[PDB]
Every structure is written in C-alpha cells, then in structure tokens.
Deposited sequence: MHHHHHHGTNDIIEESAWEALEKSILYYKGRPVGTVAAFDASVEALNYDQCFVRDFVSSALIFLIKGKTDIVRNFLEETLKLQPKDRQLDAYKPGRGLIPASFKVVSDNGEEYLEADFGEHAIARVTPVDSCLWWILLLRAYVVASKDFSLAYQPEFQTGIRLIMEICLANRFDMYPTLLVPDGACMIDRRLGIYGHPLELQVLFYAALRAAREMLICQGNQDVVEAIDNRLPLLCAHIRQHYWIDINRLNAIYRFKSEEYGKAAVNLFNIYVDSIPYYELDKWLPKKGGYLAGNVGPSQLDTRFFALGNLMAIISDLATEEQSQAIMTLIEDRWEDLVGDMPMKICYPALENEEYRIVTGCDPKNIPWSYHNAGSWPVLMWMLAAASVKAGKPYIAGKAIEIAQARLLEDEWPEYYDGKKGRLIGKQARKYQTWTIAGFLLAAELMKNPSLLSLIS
C-alpha cells in the first residue's frame, strides 16, 4: 500500500551520485555524501532484485580502488586489503573524487572487519544477479578478493581458526565486549570464504585457495562444536568430568563453568531452542544472543539444519524478548549495572536496551526474513513485517528503537535511515520470492 510506495520513494532519494553515476546510498537522507558499506548491502540487494545492477557494479568498482594494496607499517593508516567502513564524494576539488573513511580520525581508530566481508558477499550477489561472473574474474577483482582473504586467514598471535579482532570491529562499532572472536565476524568470515572459493581462479593462487579450502571445514566444525548453546549442551558442560584422564583437552577454551549464568539461561531457553554464542575465547564464553550472527549462520548453512530450527524455535518462543514491538534485538540481553560499566566503559550511547546494547534495529528484519524462508518458516518474517509496518512510516523510518520491547524511537536515532527502509523492503521481497536467497547463500 502507501507504506511500500513511500519506502521506494525514500530509497530513490538516498542514492549517491559520483561523476553523474549512482555509486551507493547515503546512511540517512537529510552526511549527504556518505555511503557506508554495511548499510549499502540491503539497498544493493533490493537494486539487484529490481534489475538496477549498475549502481552495485559502480559501488564495487569504486570501493575496490579504495582498498589499500600494500602492507602498512605506519600508525593511523589502514591495514592491507581492508575495505573502508564508509566513503564520500568530495566535490571541493575542481573535479569529484572519493574519500575513504577507514577510521583514521574516528573516535575509535579501528577499521571494522565486516565491511570487507560484506564486500565479497556483495560481489557474489552481483555476479549471481547478473548471471555473469566476468566482473569477479577481472584481475583487479581477483587481487581484491585475494587480499581480503589473506588479512583474514593470516595468523598473527592468535591461532584459532576464527578471526581475532579488537572491540567494535563490526556493525557494533563501539565498545560492547565483542573483542576476541565475536560470532558476527566468524559467520561473515565463513560466508565470505565460501563466496571467495566460488570466484577465485585457483591457478597461481594456490596458497590462498588451499588455505581457504583448509579453513572452511575447520571453521565450520569449530563454530558448531564450540559456539552452540542449548539446554542439553549446557547441562553436558556442567556434568562433564574434566579431571578425568584425557578429558581436560575436550574443553578447548578452558571455560570455567562458574562463569555461565545457568539459572537465567535455563529459564530463558525453550526446550527445543538454542543458538550460537556471542563470543568464545580462552576462559571466555559470552552467552548473549546476537541476531545478525545467528541469522547469517542459518542463511550460510554454517548452522546445521537442526541448529537452524533450534534458532527459529528460540525466536518464536521468545518473540517478546527478541522482536517485541520492533524487529529486532541486535543482541540479548542488555549489559546492565556493573557489567555495563566494566564492559562498555560507561558509553552513554550504549545504555541498557539502547543502540548496540540490546536496542532494536529494523534493518535486521531482512535477515530474519531470509533465515525464516531458508528455515521453511516464512510466517515468522510475515509477523515481523506486520509489526514493523504498524510504526515505521509514521515514525519516519528510524535507525533504531530502544527499550526491552523496542517501544521507544531510539534516543539518538536518525530518521529516514536507509537500511531501515531497505531492510523493510528487502524482507518483503524475500517473502514474495524465496528463490532470491541465492543472492546471499
């Protein structure tokens, strides 16, 4: 009805032009010249679906040129192979050019890792939508893919098959205790490894293609075995006799059982529910539920079929906790009290049930839809869309919502947030046509 029409009209106005050609979308239409890579994913997929592919092509070509190609030994300059979080059009010189934001002057001088992984997934989306892999096989694209894989695969100090990162290195780009091996990045890493293997010419690239082939099954089993939480699993951990000869090594990360909030999880988890943990590392298990990681795990077949149904069962049965009045919680539960202070450093923006700290993010509804369709329960997404439809247009498409139920328009939420609009539309498109999953799986 009028809701979808208004969304389309809004999405159109968000398009960003460079040298007269569309090169992405702005984060929120009112800088006026700023495209975020992660934000562009939902817009991009819509445009692909609607056959307007040139915007995506131009985005991929332009961002590829922004990727640092050489090893970087100097402070405050981006690491080799990274994709910037955002870029903008600088019209101030006689001629237009693009300026990358790698975070060099940001409040955290960290380059988020998700952008380069989404870039690969977008590249695959484009070639599948175009029914033509030619772009990907061009030498500059082979190089781009290869460099991203190298920085992700190469071991530095940490040798787990997962990707080790500083805090605030993904969609959650502030301090939320997601340093280490956060789920979001491992899941994207897995999906990107799969996508890169489909598009890389193996000849000449033997080292990297081999490393990709070696990493995929190790990373899959690692995540399935060491991130999976359900009631059976938690009880098995508690009864596990670690002192017995040869059983210590089973507890790979040397998790101490006393650290797990059993009472609260036992209560929260449905009988047949479960999910992948937010983070796992030495003496570290973050039992927060993170939506993006869990939903993307379903979409990429990282989660087993049984795990996927368990995740969907959790979402259905704890619908009020995870969706409430606005799909959906970025994570659950909130860090509060002492834990909030220690983990976030008292970040004012990240107070309990706000923003990154278990705020509700409409954009996540596109992945909820994709996952629901993939899991054969598309009615779950339908229900989420109905809830969103009730308030998004009236509220002028906010970036996020706050509170345990997502009742409040986010404390500092921008209006006409593009991924809120695109997330909404994309969810609806995936419902109408489940076969569109092939763009992202």
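- No C-alpha positions are given in the record for the deposited-sequence stretches 1-10, 41-46.
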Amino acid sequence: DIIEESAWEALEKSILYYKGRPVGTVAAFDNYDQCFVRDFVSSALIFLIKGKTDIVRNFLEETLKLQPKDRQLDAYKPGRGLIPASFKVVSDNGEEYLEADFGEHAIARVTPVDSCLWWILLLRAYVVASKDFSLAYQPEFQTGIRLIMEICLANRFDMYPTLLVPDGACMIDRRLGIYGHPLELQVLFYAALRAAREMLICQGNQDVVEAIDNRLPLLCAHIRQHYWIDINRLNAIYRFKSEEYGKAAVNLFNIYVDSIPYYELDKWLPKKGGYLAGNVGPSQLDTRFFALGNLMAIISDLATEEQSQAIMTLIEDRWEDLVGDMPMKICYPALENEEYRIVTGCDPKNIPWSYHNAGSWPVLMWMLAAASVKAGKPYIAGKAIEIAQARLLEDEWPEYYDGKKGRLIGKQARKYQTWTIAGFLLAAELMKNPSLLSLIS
From here on, numbers count along this sequence of modelled residues.
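- For the pair 364-372 and 198-206, the mean Cα B-factor is higher in 198-206.
- Relative to one another, 376-384 and 409-417 have unequal mean CA B-factors, and 376-384 is the one with the higher figure.
- Out of 394, 402, 399, 39, it is 394 whose C-alpha atom has the highest B-factor in the PDB entry.
- Taking the PDB entry at face value, the top CA B factor among 191, 219, 89, 334 belongs to 89.
- In the PDB entry, a CA B factor belonging to the highest third of its chain's modelled residues is recorded for residue 431.
- When the CA B factors of the chain's modelled residues are split into thirds, the value for residue 267 lands in the highest one.
- Among the modelled residues of the chain, residue 357 sits in the lowest third by CA temperature factor in this PDB entry.
- When the CA B factors of the chain's modelled residues are split into thirds, the value for residue 213 lands in the middle one.
- For residue 77, the recorded CA B-factor ranks within the middle third of the chain. Only modelled residues enter the ranking.
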